[PDB]
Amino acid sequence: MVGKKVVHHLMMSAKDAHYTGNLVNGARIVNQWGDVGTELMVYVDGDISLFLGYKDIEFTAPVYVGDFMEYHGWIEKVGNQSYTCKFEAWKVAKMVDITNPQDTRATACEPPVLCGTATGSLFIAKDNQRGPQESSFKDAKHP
C-alpha cells in the first residue's frame, strides 16, 4: 500500500434504487469507486486525474435501499503516469425485510458483508503531477 486507505461511507436511499424490488445497480458501486480513486489521486499528486479502466470488477452480494455501505480504496503501485488501485465495497447495516415497505426494522452487518472488489487504474499526465498533498502520501515515489 502507498499512503492510507480511503474509506467512503454513506446510505443507499430510495433514490439509489435502480431496478424493481428496491434493488440498487452494481454501477452505483463503480460510481463510488470513481470518487474514492479521485480522492487518492488528489492526495498522491494533487490532481483529480482521469480514470483509465478496471480489471476484475466482481459484484458479490446484492445491495438494496436502506443498506449502509462502505467503499474502500488504496494505491497499490505508483507508475510514471498511471496509478494502480484496489477497491472494495462492504455492507455495514441493512433493513430486516425489504419486501415489506412498512417494516422499519433494521440491523447491523457485523461482520460486514463483502459486496464488491475491483482493480482500477487512474492517470495523471506528467505535467499535471504536483507531488503529495496529504501527509500519509509523503513517501510516494515514482519508478
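Just count from 1 along the sequence shown to find any residue number.
- Task: Using only the Cα atoms and their B-factors as the entry lists them, report which of 80-88 and 63-71 averages higher.
- Result: Of 63-71 and 80-88, the stretch with the higher C-alpha B-factor average is 80-88.
- Query: So which stretch wins on mean C-alpha B-factor, 113-121 or 27-35?
  - Reply: According to the PDB entry, the answer is 113-121.
- Out of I48, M95, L52, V44, which shows the largest CA B-factor listed in the entry? Largest recorded C-alpha B-factor: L52.
- Message: Ranking the modelled residues of this chain by C-alpha B-factor as given in the entry, is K126 in the lowest, middle or highest third?
- Response: Highest third, going by the recorded CA B-factors of the chain.
- Query: According to the PDB entry, is the CA B factor of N22 in the bottom, middle or top third of its chain, that is, lowest, middle or highest?
  - Reply: It belongs to the lowest third of the chain when residues are ordered by C-alpha B-factor.
- Message: Please say which third, lowest, middle or highest, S135 falls into when its CA temperature factor is compared across its chain.
- Response: According to the entry, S135 has a C-alpha B-factor in the chain's highest third.
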